[PDB]
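Visitor: Just dropping this structure here.
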Amino acid sequence: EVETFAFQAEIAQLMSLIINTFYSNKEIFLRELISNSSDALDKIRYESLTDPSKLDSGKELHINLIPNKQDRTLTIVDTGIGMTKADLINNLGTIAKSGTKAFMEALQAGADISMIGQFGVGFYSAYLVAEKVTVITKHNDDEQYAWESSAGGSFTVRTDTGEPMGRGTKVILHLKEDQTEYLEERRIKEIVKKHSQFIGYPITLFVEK
Ligand SMILES: CNC(=S)N[C@@H]1C[C@@H]2CC[C@H]1C2
């Protein structure tokens with residue numbers, strides 16, 4: 001079922017800093033998640049050039065933004081390369097240790113949280129607006145997995161039994177109560193056009209009721 005892991009001490013520090021620091025420019029989280037999505041889409045497109053079989057799990061390379069007001073969730077779906085089990089628990093956390101160390105020294109020097117992406121740890125800016133983050137992912141060499149955390153120093157991983165994704169990553173943001181503005185269409189449009197206008201993949205914004 002569900003395995004529980006401790007964050008590395010430095011990543012827990014980062015999440016606590018992002019969660020507790022007073023910083024009003026929260027909308028930068030979307031640019032970071034979209035940029036992470038566009039990087040995962042580049043990687044699968046480059047790999048499929050020398051091996052077209054990597055696209056049997058889906059030829060489309062796009063990003064979907066799905067707001068859900070009934071669940072108070074904002075979901076970022078990309079059909080990129082996805083992540084394996086070792087990526088969730090070990091590989092990506094080892095890379096993020098040096099980026100997090102460099103990010104804290106830059107913050108002590110006068111930098112601000114909006115520059116989190118320049119240090120490779122941009123995903124954690126989801127905790128500017130989310131009380132809990134679910135990450136569903138499927139890589140060609142592994143099974144589908146669900147990653148989840150509410151900060152507090154721990155995260156969980158389980159094998160996902162939901163709808164199969166084919167290939168890619170789905171980030172579900174369970175928004176905090178005062179951040180429901182990022183479920184509105186005109187608001188998401190404003191943030192995309194301002195921060196992600198030149199992404200080289202179709203960004204389709206879903207609408208609701
Ligand atoms: C680019 N990915 C980063 S920065 N982090 C990883 C994504 C998932 C959440 C934490 C790990 C697993």
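Chain lettering (A, B, ...) mirrors the order of the structure tokens, residue numbering begins at 1 for each chain separately, and ligand numbering begins at 1 in order of display.
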For ligand 1, list the contacting residues at 8 Å or closer, counting only C-alpha atoms and all ligand atoms, as a PyMOL selection string.
Guide: chain A and resi 36+83+87-89+92-93+96+120-124+135+147-148
Visitor: With C-alpha atoms retained, write the just-selected residues as a PDB file, in the first residue's frame.
Guide:
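That gives us selection35.pdb:
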```pdb
ATOM      1  CA  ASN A  36       8.777  21.755 -15.117  1.00  0.00           C
ATOM      2  CA  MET A  83       9.069   9.839 -13.309  1.00  0.00           C
ATOM      3  CA  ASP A  87      12.977   9.542  -9.051  1.00  0.00           C
ATOM      4  CA  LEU A  88      10.241  10.076  -6.447  1.00  0.00           C
ATOM      5  CA  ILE A  89      12.189   8.793  -3.438  1.00  0.00           C
ATOM      6  CA  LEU A  92      15.245  14.079  -7.677  1.00  0.00           C
ATOM      7  CA  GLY A  93      15.713  14.708  -3.954  1.00  0.00           C
ATOM      8  CA  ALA A  96      17.408  19.245  -5.154  1.00  0.00           C
ATOM      9  CA  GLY A 120      15.988  23.685  -9.884  1.00  0.00           C
ATOM     10  CA  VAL A 121      13.673  23.402  -6.855  1.00  0.00           C
ATOM     11  CA  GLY A 122      10.713  25.184  -8.437  1.00  0.00           C
ATOM     12  CA  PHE A 123       8.179  22.406  -7.811  1.00  0.00           C
ATOM     13  CA  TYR A 124       8.053  23.190  -4.095  1.00  0.00           C
ATOM     14  CA  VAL A 135       1.666  13.898  -8.007  1.00  0.00           C
ATOM     15  CA  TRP A 147       3.252  10.855  -4.634  1.00  0.00           C
ATOM     16  CA  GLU A 148       1.659  12.935  -1.885  1.00  0.00           C
TER      17      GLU A 148
END
```
Visitor: Going by DSSP on the backbone, which residues of stretch 24-204 of chain A come out as strand (DSSP E or B)? List them as a PyMOL selection string.
Guide: chain A and resi 63-68+73-78+130-138+144-149+154-159+168-175+203-204
Visitor: Might you pull out every residue within 9 Å of residue A:44, with only C-alpha atoms counted and same-chain residues fewer than 4 positions away left off, and present them as a ChimeraX atom specification?
Guide: /A:39-40,48-49,54-55,61,79-82
Visitor: Residues of the last selection are to be written out with N, CA, C and O atoms, as a PDB file, in the first residue's frame.
Guide:
```
ATOM      1  N   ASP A  39       9.865  21.042 -19.511  1.00  0.00           N
ATOM      2  CA  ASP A  39      11.147  20.344 -19.504  1.00  0.00           C
ATOM      3  C   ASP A  39      10.951  18.840 -19.651  1.00  0.00           C
ATOM      4  O   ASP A  39      11.716  18.172 -20.357  1.00  0.00           O
ATOM      5  N   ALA A  40       9.934  18.287 -18.985  1.00  0.00           N
ATOM      6  CA  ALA A  40       9.655  16.863 -19.119  1.00  0.00           C
ATOM      7  C   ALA A  40       9.169  16.520 -20.521  1.00  0.00           C
ATOM      8  O   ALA A  40       9.359  15.390 -20.983  1.00  0.00           O
ATOM      9  N   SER A  48      12.539  10.412 -28.122  1.00  0.00           N
ATOM     10  CA  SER A  48      11.775   9.747 -29.170  1.00  0.00           C
ATOM     11  C   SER A  48      12.371   9.947 -30.559  1.00  0.00           C
ATOM     12  O   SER A  48      11.951   9.260 -31.497  1.00  0.00           O
ATOM     13  N   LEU A  49      13.332  10.861 -30.718  1.00  0.00           N
ATOM     14  CA  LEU A  49      13.960  11.046 -32.024  1.00  0.00           C
ATOM     15  C   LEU A  49      14.833   9.854 -32.391  1.00  0.00           C
ATOM     16  O   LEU A  49      14.831   9.406 -33.545  1.00  0.00           O
ATOM     17  N   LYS A  54       9.149   5.071 -27.955  1.00  0.00           N
ATOM     18  CA  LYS A  54       8.819   5.745 -26.703  1.00  0.00           C
ATOM     19  C   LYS A  54       7.529   6.548 -26.779  1.00  0.00           C
ATOM     20  O   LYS A  54       7.111   7.099 -25.755  1.00  0.00           O
ATOM     21  N   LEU A  55       6.890   6.632 -27.945  1.00  0.00           N
ATOM     22  CA  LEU A  55       5.643   7.370 -28.106  1.00  0.00           C
ATOM     23  C   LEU A  55       4.445   6.454 -28.333  1.00  0.00           C
ATOM     24  O   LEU A  55       3.369   6.937 -28.706  1.00  0.00           O
ATOM     25  N   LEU A  61       2.053  15.791 -27.188  1.00  0.00           N
ATOM     26  CA  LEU A  61       2.914  16.500 -26.241  1.00  0.00           C
ATOM     27  C   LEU A  61       2.250  17.835 -25.915  1.00  0.00           C
ATOM     28  O   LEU A  61       2.451  18.828 -26.619  1.00  0.00           O
ATOM     29  N   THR A  79       2.048  15.403 -20.759  1.00  0.00           N
ATOM     30  CA  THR A  79       2.359  14.083 -21.303  1.00  0.00           C
ATOM     31  C   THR A  79       3.858  13.905 -21.517  1.00  0.00           C
ATOM     32  O   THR A  79       4.291  13.295 -22.500  1.00  0.00           O
ATOM     33  N   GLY A  80       4.674  14.432 -20.607  1.00  0.00           N
ATOM     34  CA  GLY A  80       6.113  14.332 -20.728  1.00  0.00           C
ATOM     35  C   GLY A  80       6.675  12.963 -20.407  1.00  0.00           C
ATOM     36  O   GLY A  80       5.958  11.956 -20.413  1.00  0.00           O
ATOM     37  N   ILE A  81       7.972  12.927 -20.098  1.00  0.00           N
ATOM     38  CA  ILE A  81       8.661  11.662 -19.890  1.00  0.00           C
ATOM     39  C   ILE A  81       8.209  10.958 -18.617  1.00  0.00           C
ATOM     40  O   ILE A  81       8.344   9.736 -18.518  1.00  0.00           O
ATOM     41  N   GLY A  82       7.663  11.683 -17.645  1.00  0.00           N
ATOM     42  CA  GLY A  82       7.240  11.066 -16.400  1.00  0.00           C
ATOM     43  C   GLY A  82       8.416  10.756 -15.485  1.00  0.00           C
ATOM     44  O   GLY A  82       9.574  11.064 -15.769  1.00  0.00           O
TER      45      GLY A  82
END
```
Visitor: Run DSSP on the backbone of this structure and report the residues of stretch 11-207 of chain A it assigns to helix (DSSP H, G or I), as number ranges by chain.
Guide: A: 11-20, 28-50, 52-55, 85-109, 113-119, 122-128, 177-183, 185-195
Visitor: Can you pull out the residues contacting residue A:75? Cut-off 7 Å, using only C-alpha atoms, and skip same-chain residues under 6 positions away; I want them as an MDAnalysis selection string.
Guide: chainID A and resid 65:67 170:173
Visitor: Suppose we keep N, CA and C atoms; can you now write the selection as a compact mmCIF listing (two decimals), in the first residue's frame?
Guide:
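Final output, saved to out_37.txt:
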```
# COMPACT_ATOMS: atom_id res chain seq x y z
N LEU A 65 -4.51 22.42 -18.15
CA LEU A 65 -4.79 23.03 -16.86
C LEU A 65 -6.27 22.83 -16.54
N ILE A 66 -6.54 22.10 -15.46
CA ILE A 66 -7.90 21.71 -15.11
C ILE A 66 -8.25 22.23 -13.73
N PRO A 67 -9.08 23.27 -13.62
CA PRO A 67 -9.60 23.68 -12.32
C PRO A 67 -10.83 22.88 -11.93
N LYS A 170 0.98 14.22 -13.59
CA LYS A 170 -0.21 14.97 -13.21
C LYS A 170 0.01 15.50 -11.80
N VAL A 171 0.06 16.82 -11.65
CA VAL A 171 0.22 17.47 -10.35
C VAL A 171 -1.13 18.04 -9.93
N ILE A 172 -1.65 17.57 -8.80
CA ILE A 172 -2.93 18.04 -8.26
C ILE A 172 -2.64 18.90 -7.04
N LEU A 173 -3.04 20.17 -7.10
CA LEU A 173 -2.86 21.12 -6.01
C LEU A 173 -4.16 21.21 -5.23
```
Visitor: Hey, what's within 12 Å of residue A:107 if we count only C-alpha atoms and toss same-chain stuff fewer than 6 positions away? As a count of residues only, please?
Guide: 11
Visitor: From the options A:34, A:109, A:158, A:78, which residue's atoms come nearest to residue A:197, counting only C-alpha atoms?
Guide: A:34
Visitor: Hey, which of A:146, A:133, A:151, A:192 ends up closest to residue A:84? Count only C-alpha atoms.
Guide: A:146
Visitor: A:6, A:129, A:63, A:76: which is nearest residue A:181, counting only C-alpha atoms?
Guide: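 Looking only at the distances to residue A:181, the closest residue turns out to be A:129.
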